[PDB]
$ cat run-v9.tsv   # TSV, C-alpha atoms and all ligand atoms
chain	number	residue	atom	x	y	z
A	28	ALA	CA	-13.74	9.93	-14.40
A	29	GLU	CA	-14.57	6.21	-14.55
A	30	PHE	CA	-11.47	5.28	-16.52
A	31	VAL	CA	-9.06	8.02	-15.36
A	32	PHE	CA	-7.10	5.87	-12.89
A	33	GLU	CA	-5.95	2.35	-13.54
A	34	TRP	CA	-6.50	1.26	-9.93
A	35	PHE	CA	-8.67	2.88	-7.32
A	36	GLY	CA	-9.56	1.36	-4.01
A	37	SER	CA	-8.82	0.80	-0.37
A	38	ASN	CA	-6.46	-0.70	2.19
A	39	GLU	CA	-7.83	-3.75	4.03
A	40	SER	CA	-6.28	-3.83	7.51
A	41	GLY	CA	-6.60	-6.12	10.54
A	42	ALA	CA	-4.11	-8.89	10.09
A	43	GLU	CA	-1.26	-6.73	11.34
A	44	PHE	CA	-3.05	-5.40	14.40
A	45	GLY	CA	-1.86	-5.82	17.90
A	46	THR	CA	1.53	-6.08	19.45
A	47	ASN	CA	1.52	-9.76	20.50
A	48	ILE	CA	3.59	-12.06	18.24
A	49	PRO	CA	2.44	-14.47	17.08
A	50	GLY	CA	-0.69	-13.43	18.93
A	51	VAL	CA	-4.06	-14.90	18.55
A	52	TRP	CA	-6.68	-14.59	15.92
A	53	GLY	CA	-9.83	-12.94	17.18
A	54	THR	CA	-7.99	-11.35	20.06
A	55	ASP	CA	-4.89	-9.61	18.71
A	56	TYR	CA	-5.73	-9.55	14.99
A	57	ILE	CA	-8.42	-10.42	12.43
A	58	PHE	CA	-8.51	-10.80	8.65
A	59	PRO	CA	-10.56	-8.57	6.31
A	60	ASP	CA	-14.21	-9.57	5.73
A	61	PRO	CA	-14.96	-10.77	2.20
A	62	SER	CA	-18.49	-9.41	2.49
A	63	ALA	CA	-17.28	-5.89	3.21
A	64	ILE	CA	-14.80	-6.22	0.34
A	65	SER	CA	-17.68	-7.28	-1.93
A	66	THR	CA	-19.60	-4.17	-0.98
A	67	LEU	CA	-16.65	-1.95	-1.98
A	68	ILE	CA	-16.25	-3.81	-5.22
A	69	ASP	CA	-19.99	-3.18	-5.83
A	70	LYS	CA	-19.35	0.59	-5.32
A	71	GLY	CA	-16.70	0.44	-8.07
A	72	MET	CA	-13.33	-0.27	-6.32
A	73	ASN	CA	-10.99	-2.44	-8.23
A	74	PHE	CA	-7.98	-2.53	-5.94
A	75	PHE	CA	-7.35	-3.63	-2.38
A	76	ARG	CA	-4.09	-3.36	-0.49
A	77	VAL	CA	-4.11	-6.19	2.00
A	78	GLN	CA	-1.97	-5.84	5.14
A	79	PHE	CA	-0.21	-8.71	6.94
A	80	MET	CA	2.62	-9.02	9.46
A	81	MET	CA	5.80	-10.79	8.38
A	82	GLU	CA	6.46	-12.28	11.86
A	83	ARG	CA	2.98	-13.90	11.82
A	84	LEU	CA	3.51	-15.37	8.41
A	85	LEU	CA	7.05	-16.43	9.31
A	86	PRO	CA	7.28	-17.11	13.00
A	87	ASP	CA	10.77	-18.63	13.03
A	88	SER	CA	12.96	-16.76	10.51
A	89	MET	CA	12.24	-14.83	7.28
A	90	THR	CA	13.73	-17.65	5.14
A	91	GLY	CA	12.05	-20.34	7.36
A	92	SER	CA	8.74	-22.12	7.09
A	93	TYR	CA	5.29	-20.53	7.01
A	94	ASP	CA	2.61	-20.44	9.54
A	95	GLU	CA	0.43	-22.18	7.05
A	96	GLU	CA	-2.81	-21.22	8.86
A	97	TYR	CA	-2.00	-17.46	8.75
A	98	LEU	CA	-0.98	-17.91	5.11
A	99	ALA	CA	-4.16	-19.69	4.25
A	100	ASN	CA	-6.18	-16.95	5.86
A	101	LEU	CA	-4.26	-14.33	3.82
A	102	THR	CA	-4.86	-16.39	0.68
A	103	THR	CA	-8.59	-16.58	1.38
A	104	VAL	CA	-8.78	-12.76	1.35
A	105	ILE	CA	-6.60	-12.51	-1.74
A	106	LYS	CA	-8.86	-15.03	-3.49
A	107	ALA	CA	-12.02	-13.09	-2.43
A	108	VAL	CA	-10.56	-9.96	-3.95
A	109	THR	CA	-9.32	-11.54	-7.20
A	110	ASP	CA	-12.40	-13.80	-7.64
A	111	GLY	CA	-14.23	-10.51	-7.32
A	112	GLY	CA	-12.32	-9.26	-10.34
A	113	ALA	CA	-10.26	-6.74	-8.32
A	114	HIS	CA	-6.51	-6.45	-7.95
A	115	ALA	CA	-5.03	-7.53	-4.59
A	116	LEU	CA	-1.81	-5.83	-3.54
A	117	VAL	CA	0.02	-8.01	-0.94
A	118	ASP	CA	1.50	-5.67	1.73
A	119	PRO	CA	4.03	-6.94	4.30
A	120	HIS	CA	3.30	-4.14	6.70
A	121	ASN	CA	6.71	-4.20	8.26
A	122	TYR	CA	8.56	-0.91	8.06
A	123	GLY	CA	11.70	-2.57	6.63
A	124	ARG	CA	12.10	-4.47	9.95
A	125	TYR	CA	11.65	-8.08	11.04
A	126	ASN	CA	11.52	-9.00	14.74
A	127	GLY	CA	12.20	-5.36	15.55
A	128	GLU	CA	15.47	-5.16	13.62
A	129	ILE	CA	16.15	-3.53	10.26
A	130	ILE	CA	16.34	-6.09	7.44
A	131	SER	CA	19.96	-5.67	6.57
A	132	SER	CA	20.32	-8.98	4.67
A	133	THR	CA	19.27	-8.32	1.08
A	134	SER	CA	19.97	-12.01	0.43
A	135	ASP	CA	17.39	-13.05	3.04
A	136	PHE	CA	14.88	-10.46	1.77
A	137	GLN	CA	15.29	-11.68	-1.86
A	138	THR	CA	14.58	-15.24	-0.58
A	139	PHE	CA	11.62	-14.12	1.42
A	140	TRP	CA	10.20	-12.55	-1.72
A	141	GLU	CA	11.06	-15.61	-3.93
A	142	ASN	CA	9.12	-17.75	-1.55
A	143	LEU	CA	6.09	-15.52	-1.10
A	144	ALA	CA	5.81	-14.65	-4.78
A	145	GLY	CA	5.95	-18.43	-5.44
A	146	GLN	CA	2.60	-18.71	-3.55
A	147	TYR	CA	0.81	-16.34	-5.92
A	148	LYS	CA	2.78	-16.55	-9.20
A	149	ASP	CA	-0.13	-17.94	-11.14
A	150	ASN	CA	-2.61	-15.27	-10.13
A	151	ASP	CA	-2.45	-12.39	-12.58
A	152	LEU	CA	-4.62	-10.12	-10.37
A	153	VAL	CA	-2.09	-10.20	-7.47
A	154	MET	CA	0.39	-7.40	-7.05
A	155	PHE	CA	3.36	-7.29	-4.67
A	156	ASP	CA	4.31	-4.37	-2.37
A	157	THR	CA	7.99	-4.74	-1.23
A	158	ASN	CA	7.40	-3.45	2.30
A	159	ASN	CA	5.29	-0.81	3.99
A	160	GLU	CA	6.94	2.53	4.92
A	161	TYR	CA	10.67	2.05	5.23
A	162	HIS	CA	12.05	4.69	7.64
A	163	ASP	CA	15.06	5.59	9.71
A	164	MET	CA	17.35	3.33	7.73
A	165	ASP	CA	20.17	3.66	5.25
A	166	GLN	CA	19.03	4.87	1.83
A	167	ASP	CA	21.33	2.53	-0.10
A	168	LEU	CA	19.82	-0.29	1.93
A	169	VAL	CA	16.28	0.80	1.05
A	170	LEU	CA	17.16	0.79	-2.66
A	171	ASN	CA	18.83	-2.63	-2.37
A	172	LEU	CA	15.91	-4.11	-0.46
A	173	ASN	CA	13.47	-2.95	-3.14
A	174	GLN	CA	15.81	-4.37	-5.83
A	175	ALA	CA	16.14	-7.69	-3.83
A	176	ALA	CA	12.35	-7.94	-3.78
A	177	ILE	CA	12.01	-7.35	-7.49
A	178	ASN	CA	14.81	-9.93	-8.10
A	179	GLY	CA	13.10	-12.50	-5.89
A	180	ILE	CA	9.64	-11.98	-7.27
A	181	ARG	CA	10.82	-12.42	-10.88
A	182	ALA	CA	13.12	-15.33	-9.93
A	183	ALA	CA	10.03	-17.14	-8.62
A	184	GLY	CA	8.39	-16.93	-12.08
A	185	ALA	CA	5.88	-14.32	-11.05
A	186	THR	CA	6.24	-12.44	-14.27
A	187	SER	CA	2.83	-10.95	-14.90
A	188	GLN	CA	2.40	-9.06	-11.67
A	189	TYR	CA	3.11	-5.38	-10.92
A	190	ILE	CA	5.60	-4.64	-8.17
A	191	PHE	CA	4.98	-1.60	-5.95
A	192	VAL	CA	8.19	-0.18	-4.51
A	193	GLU	CA	8.30	2.03	-1.42
A	194	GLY	CA	10.85	4.58	-0.31
A	195	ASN	CA	12.33	5.94	2.91
A	196	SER	CA	10.70	8.63	5.07
A	197	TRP	CA	7.66	6.42	5.42
A	198	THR	CA	7.43	6.57	1.62
A	199	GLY	CA	5.91	10.05	1.88
A	200	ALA	CA	5.15	11.93	-1.32
A	201	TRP	CA	6.03	15.26	0.28
A	202	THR	CA	9.59	14.18	1.15
A	203	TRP	CA	10.19	12.01	-1.88
A	204	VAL	CA	12.56	14.16	-3.86
A	205	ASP	CA	14.52	15.01	-0.70
A	206	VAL	CA	15.33	11.50	0.25
A	207	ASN	CA	14.38	8.92	-2.38
A	208	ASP	CA	16.03	10.14	-5.60
A	209	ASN	CA	18.19	7.01	-5.75
A	210	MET	CA	15.09	4.91	-6.22
A	211	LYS	CA	15.09	5.82	-9.94
A	212	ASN	CA	17.87	3.14	-10.19
A	213	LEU	CA	15.47	0.24	-9.68
A	214	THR	CA	15.19	-2.16	-12.65
A	215	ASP	CA	12.59	-4.84	-13.45
A	216	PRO	CA	12.95	-7.09	-16.51
A	217	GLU	CA	9.18	-6.90	-16.97
A	218	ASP	CA	9.14	-3.13	-16.56
A	219	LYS	CA	6.23	-3.28	-14.18
A	220	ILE	CA	7.51	-1.18	-11.23
A	221	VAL	CA	5.07	1.30	-9.66
A	222	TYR	CA	6.44	3.86	-7.11
A	223	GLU	CA	4.12	3.79	-4.17
A	224	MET	CA	4.01	6.90	-2.03
A	225	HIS	CA	1.80	7.69	1.00
A	226	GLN	CA	0.35	11.09	1.96
A	227	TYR	CA	-1.50	12.51	4.86
A	228	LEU	CA	-2.85	15.96	5.17
A	229	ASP	CA	-2.50	16.98	8.79
A	230	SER	CA	0.12	19.43	10.07
A	231	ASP	CA	2.99	16.94	10.57
A	232	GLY	CA	1.86	14.44	7.89
A	233	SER	CA	1.50	11.63	10.42
A	234	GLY	CA	-2.17	10.95	9.78
A	235	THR	CA	-3.06	11.18	13.43
A	236	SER	CA	-5.42	14.09	13.26
A	237	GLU	CA	-8.73	14.67	11.57
A	238	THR	CA	-7.83	18.26	10.71
A	239	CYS	CA	-6.18	19.09	7.38
A	240	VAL	CA	-3.80	22.05	7.08
A	241	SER	CA	-5.68	23.67	4.19
A	242	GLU	CA	-7.78	23.10	1.06
A	243	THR	CA	-4.74	22.78	-1.16
A	244	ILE	CA	-2.42	20.75	1.11
A	245	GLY	CA	-2.93	17.49	-0.69
A	246	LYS	CA	-2.06	18.78	-4.12
A	247	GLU	CA	0.80	20.71	-2.56
A	248	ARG	CA	2.29	17.64	-1.05
A	249	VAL	CA	2.28	15.58	-4.22
A	250	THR	CA	3.54	18.24	-6.69
A	251	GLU	CA	7.27	17.61	-6.41
A	252	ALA	CA	6.77	13.83	-6.62
A	253	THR	CA	4.62	14.29	-9.73
A	254	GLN	CA	7.47	16.16	-11.43
A	255	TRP	CA	10.00	13.54	-10.30
A	256	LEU	CA	7.93	10.78	-11.89
A	257	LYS	CA	7.68	12.84	-15.15
A	258	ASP	CA	11.39	13.66	-15.29
A	259	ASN	CA	12.45	10.12	-14.55
A	260	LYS	CA	9.79	8.47	-16.81
A	261	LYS	CA	8.31	6.48	-13.94
A	262	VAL	CA	4.79	5.77	-12.78
A	263	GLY	CA	3.35	6.14	-9.26
A	264	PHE	CA	0.51	5.32	-6.93
A	265	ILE	CA	-0.75	6.82	-3.67
A	266	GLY	CA	-1.02	3.60	-1.64
A	267	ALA	CA	-2.29	5.22	1.57
A	268	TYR	CA	-3.98	8.59	2.10
A	269	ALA	CA	-6.85	9.90	4.18
A	270	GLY	CA	-8.51	13.04	5.42
A	271	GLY	CA	-11.08	13.71	8.16
A	272	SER	CA	-14.78	13.96	7.31
A	273	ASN	CA	-14.90	17.72	7.37
A	274	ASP	CA	-15.09	20.40	4.72
A	275	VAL	CA	-11.44	21.47	4.56
A	276	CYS	CA	-10.31	17.83	4.24
A	277	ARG	CA	-13.00	17.02	1.68
A	278	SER	CA	-11.53	19.89	-0.36
A	279	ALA	CA	-7.92	18.86	0.19
A	280	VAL	CA	-8.68	15.22	-0.82
A	281	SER	CA	-10.71	16.32	-3.88
A	282	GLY	CA	-7.95	18.65	-4.91
A	283	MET	CA	-5.21	16.02	-4.57
A	284	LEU	CA	-7.17	13.52	-6.63
A	285	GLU	CA	-8.11	16.15	-9.28
A	286	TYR	CA	-4.49	17.04	-9.72
A	287	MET	CA	-3.45	13.42	-10.02
A	288	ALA	CA	-6.25	12.82	-12.48
A	289	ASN	CA	-4.76	15.51	-14.75
A	290	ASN	CA	-1.43	13.72	-14.61
A	291	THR	CA	-2.16	10.10	-15.37
A	292	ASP	CA	0.88	9.91	-17.50
A	293	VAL	CA	2.46	9.25	-14.10
A	294	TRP	CA	-0.37	8.63	-11.52
A	295	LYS	CA	-1.97	5.20	-11.79
A	296	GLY	CA	-4.37	5.78	-8.88
A	297	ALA	CA	-4.81	5.67	-5.12
A	298	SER	CA	-5.89	3.54	-2.14
A	299	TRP	CA	-7.60	5.01	0.91
A	300	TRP	CA	-6.32	4.30	4.39
A	301	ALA	CA	-8.26	2.23	5.48
A	302	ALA	CA	-11.07	-0.36	5.45
A	303	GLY	CA	-11.16	-3.56	7.53
A	304	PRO	CA	-13.46	-4.92	10.25
A	305	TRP	CA	-11.74	-3.77	13.43
A	306	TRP	CA	-11.48	-0.08	12.99
A	307	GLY	CA	-14.50	0.89	15.00
A	308	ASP	CA	-14.83	4.66	15.31
A	309	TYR	CA	-11.54	5.35	13.60
A	310	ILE	CA	-11.55	8.82	12.03
A	311	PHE	CA	-10.53	7.34	8.60
A	312	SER	CA	-12.49	4.11	8.52
A	313	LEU	CA	-13.80	3.16	5.05
A	314	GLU	CA	-15.38	-0.02	6.30
A	315	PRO	CA	-18.90	-0.16	4.86
A	316	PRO	CA	-21.47	0.81	5.70
A	317	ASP	CA	-20.77	2.73	8.91
A	318	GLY	CA	-17.17	3.77	8.90
A	319	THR	CA	-16.63	7.48	9.39
A	320	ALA	CA	-14.95	7.91	5.98
A	321	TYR	CA	-17.37	5.57	4.26
A	322	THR	CA	-20.28	7.87	5.18
A	323	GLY	CA	-18.31	11.12	5.21
A	324	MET	CA	-15.97	10.90	2.19
A	325	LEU	CA	-17.21	8.36	-0.30
A	326	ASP	CA	-19.12	10.99	-2.24
A	327	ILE	CA	-15.74	12.65	-3.13
A	328	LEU	CA	-14.31	9.36	-4.23
A	329	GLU	CA	-17.34	8.42	-6.39
A	330	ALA	CA	-16.11	10.33	-9.44
A	331	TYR	CA	-13.32	7.74	-9.76
A	332	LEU	CA	-15.37	4.72	-8.77
B	1	LIG	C1	-7.97	-18.34	10.26
B	1	LIG	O1	-9.28	-17.85	10.22
B	1	LIG	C2	-10.32	-18.69	10.78
B	1	LIG	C3	-11.67	-18.01	10.64
B	1	LIG	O2	-12.04	-17.99	9.30
B	1	LIG	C4	-9.95	-18.76	12.24
B	1	LIG	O3	-10.75	-19.74	12.90
B	1	LIG	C5	-8.49	-19.10	12.44
B	1	LIG	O4	-8.22	-18.91	13.75
B	1	LIG	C6	-7.50	-18.18	11.65
B	1	LIG	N1	-6.09	-18.56	11.88
B	1	LIG	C7	-4.94	-17.84	11.89
B	1	LIG	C8	-5.03	-16.45	11.44
B	1	LIG	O5	-3.72	-18.09	12.09
B	2	LIG	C1	-4.07	19.53	-17.25
B	2	LIG	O1	-3.11	18.92	-18.09
B	2	LIG	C2	-2.84	19.65	-19.31
B	2	LIG	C3	-1.58	19.11	-19.97
B	2	LIG	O2	-1.89	17.77	-20.19
B	2	LIG	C4	-2.55	21.13	-19.04
B	2	LIG	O3	-2.65	21.79	-20.30
B	2	LIG	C5	-3.54	21.77	-18.09
B	2	LIG	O4	-3.10	23.07	-17.76
B	2	LIG	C6	-3.60	20.92	-16.83
B	2	LIG	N1	-4.55	21.49	-15.91
B	2	LIG	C7	-4.23	22.11	-14.77
B	2	LIG	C8	-5.36	22.58	-13.92
B	2	LIG	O5	-3.05	22.29	-14.39
B	3	CA	CA	-1.15	23.54	-13.99
B	4	CA	CA	-18.32	3.30	-11.66
B	5	CA	CA	-18.81	6.97	-10.26
$ encode --input "run-v9.tsv" --output "structure tokens"
Amino acid sequence: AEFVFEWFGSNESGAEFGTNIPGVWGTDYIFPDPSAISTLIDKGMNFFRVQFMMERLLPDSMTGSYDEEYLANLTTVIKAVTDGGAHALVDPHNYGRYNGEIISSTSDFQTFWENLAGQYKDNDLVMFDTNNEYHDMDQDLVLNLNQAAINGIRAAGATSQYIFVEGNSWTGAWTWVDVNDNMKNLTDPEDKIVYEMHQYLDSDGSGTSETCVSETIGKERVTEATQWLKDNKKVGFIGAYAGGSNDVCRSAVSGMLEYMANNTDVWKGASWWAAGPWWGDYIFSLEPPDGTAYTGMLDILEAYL
């Protein structure tokens, strides 16, 4: 299934770690390792979703000036990915909030996105993710923030790049149709929107346990979203998923991917949660060559790599 999915890869986390803002590099946070990214590219990945924290990039206000050193470090990783011939999805890993408050100014968010898209507008292998996992916020506001981002990105002259939109309820696939129906209203002049949903396989869907509910839970939790995408003539992507390195989860992951792979009219691929250099013994670490999921799950992913 080499050419079944358009994009298949991994999240690259570390720059959003910690609670200290701005914090300090090497203590509170770290950027992804280009070597470890190279190794995943060598295994066949062609997509990396790169996390960063808005308040580190923009320490004063969201329409204010950059921390140019944090930005340069982000750009180094983006260039490693795209020089590698992979797509780099830029992920402000911010939960629809900035300095702990919901982003209620769609004007300010559109400007944030005009400015950031301006940094990458010439790089056709960059993609833009509006914000990670909106939750516990007004649904009209979520729609209008996603539209503000699209408006800002295109206003900047970033016209080649795909734009990954995220919904409420932590953009979960299993709750999509229940809460995010309004998101079908989003418009892009370039018609390059991708609906990004996230899915975990544990009992409460929080991704905090290594146990999966059952062998079919992954397929189960993306079925209603698949039909929504079909009915509304949209395309989607699973931007974060994981399972523990055990047999029931290996089945549930394989079954979710197999079902998506029979529905590529709507599914454009997936990105595992997560790689990056500071995960240690994390149950879902894809960081090569010793992460738990790298050694325990990569053989299920290899069909698509
Ligand atoms: C940028 O990364 C270099 C290491 O390559 C490091 O010395 C520096 O502290 C980082 N600065 C940040 C993230 O603001
Ligand atoms: C795969 O997709 C085709 C329609 O494209 C359908 O005929 C077939 O039943 C699907 N397979 C499964 C296992 O649902
Ligand atoms: Ca069927
Ligand atoms: Ca291959
Ligand atoms: Ca393969």
$ residues_near_ligand --input "run-v9.tsv" --ligand "ligand CA 3 (chain B)" --cutoff "10 Å" --atoms "only C-alpha atoms and all ligand atoms" --output "PyMOL selection string"
chain A and resi 286+289-290
$ write_last_selection --input "run-v9.tsv" --atoms "C-alpha atoms" --output "PDB file, keeping the file's coordinate frame"
ATOM      1  CA  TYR A 286      -4.490  17.040  -9.720  1.00  0.00           C
ATOM      2  CA  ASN A 289      -4.760  15.510 -14.750  1.00  0.00           C
ATOM      3  CA  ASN A 290      -1.430  13.720 -14.610  1.00  0.00           C
TER       4      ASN A 290
END
$ residues_near_ligand --input "run-v9.tsv" --ligand "ligand CA 5 (chain B)" --cutoff "7 Å" --atoms "all atoms listed in the file" --output "CSV table (one decimal) with C-alpha atoms, keeping the file's coordinate frame"
chain,number,residue,atom,x,y,z
A,29,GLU,CA,-14.6,6.2,-14.6
A,329,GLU,CA,-17.3,8.4,-6.4
A,330,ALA,CA,-16.1,10.3,-9.4
A,331,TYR,CA,-13.3,7.7,-9.8
A,332,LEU,CA,-15.4,4.7,-8.8
$ closest_residue --input "run-v9.tsv" --among "A:291, A:100, A:196, A:132" --to "residue 262 of chain A" --atoms "only C-alpha atoms"
A:291
$ closest_residue --input "run-v9.tsv" --among "A:118, A:96, A:33, A:215" --to "ligand LIG 1 (chain B)" --atoms "only C-alpha atoms and all ligand atoms"
A:96
$ closest_residue --input "run-v9.tsv" --among "A:160, A:292, A:151, A:308" --to "residue 258 of chain A" --atoms "all atoms listed in the file"
A:292
$ residues_near_ligand --input "run-v9.tsv" --ligand "ligand LIG 1 (chain B)" --cutoff "8 Å" --atoms "all atoms listed in the file" --output "list in words"
residues 42, 51, 52, 53, 56, 57, 58, 83, 94, 95, 96, 97, 98, 99, 100 and 101 of chain A
$ decode --input "run-v9.tsv" --residues "segment 56-72 of chain A" --atoms "N, CA, C and O atoms" --output "CSV table (one decimal), in the first residue's frame"
chain,number,residue,atom,x,y,z
A,56,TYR,N,12.2,22.8,27.2
A,56,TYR,CA,11.8,22.4,25.8
A,56,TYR,C,13.0,22.1,24.9
A,56,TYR,O,14.1,22.5,25.3
A,57,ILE,N,12.8,21.5,23.8
A,57,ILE,CA,13.9,21.1,22.9
A,57,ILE,C,13.2,21.1,21.5
A,57,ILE,O,12.0,20.9,21.5
A,58,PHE,N,14.0,21.2,20.4
A,58,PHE,CA,13.4,21.0,19.1
A,58,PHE,C,13.8,19.6,18.6
A,58,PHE,O,14.7,19.0,19.1
A,59,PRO,N,12.9,19.1,17.7
A,59,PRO,CA,13.1,17.8,17.0
A,59,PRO,C,14.6,17.8,16.5
A,59,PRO,O,15.2,18.8,16.0
A,60,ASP,N,15.1,16.5,16.4
A,60,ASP,CA,16.4,16.2,15.9
A,60,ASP,C,16.4,15.9,14.5
A,60,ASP,O,15.7,14.9,14.1
A,61,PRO,N,17.1,16.6,13.6
A,61,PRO,CA,17.0,16.3,12.2
A,61,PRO,C,17.6,15.0,11.8
A,61,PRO,O,17.1,14.4,10.9
A,62,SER,N,18.5,14.4,12.6
A,62,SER,CA,18.9,13.1,12.4
A,62,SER,C,17.8,12.0,12.5
A,62,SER,O,17.8,11.1,11.6
A,63,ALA,N,17.0,12.1,13.5
A,63,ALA,CA,16.0,11.2,13.9
A,63,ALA,C,14.9,11.4,12.8
A,63,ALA,O,14.3,10.4,12.3
A,64,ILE,N,14.6,12.6,12.4
A,64,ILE,CA,13.7,12.8,11.2
A,64,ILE,C,14.2,12.1,10.0
A,64,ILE,O,13.4,11.5,9.3
A,65,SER,N,15.5,12.3,9.6
A,65,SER,CA,16.1,11.6,8.5
A,65,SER,C,15.9,10.1,8.5
A,65,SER,O,15.6,9.6,7.5
A,66,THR,N,16.1,9.5,9.7
A,66,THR,CA,15.8,8.1,9.9
A,66,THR,C,14.4,7.7,9.5
A,66,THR,O,14.1,6.7,8.8
A,67,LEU,N,13.4,8.5,10.0
A,67,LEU,CA,12.0,8.2,9.6
A,67,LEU,C,11.7,8.4,8.1
A,67,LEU,O,10.9,7.7,7.5
A,68,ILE,N,12.4,9.4,7.5
A,68,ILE,CA,12.2,9.6,6.1
A,68,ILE,C,12.8,8.4,5.4
A,68,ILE,O,12.2,7.9,4.4
A,69,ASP,N,13.9,7.9,5.9
A,69,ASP,CA,14.6,6.7,5.3
A,69,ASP,C,13.6,5.5,5.3
A,69,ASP,O,13.6,4.6,4.4
A,70,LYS,N,12.8,5.3,6.4
A,70,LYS,CA,11.8,4.2,6.5
A,70,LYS,C,10.6,4.5,5.7
A,70,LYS,O,9.7,3.6,5.6
A,71,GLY,N,10.5,5.6,5.0
A,71,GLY,CA,9.4,5.8,4.1
A,71,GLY,C,8.4,7.0,4.5
A,71,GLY,O,7.4,7.1,3.8
A,72,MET,N,8.6,7.6,5.6
A,72,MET,CA,7.6,8.7,6.0
A,72,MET,C,7.8,9.9,5.1
A,72,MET,O,8.9,10.2,4.8
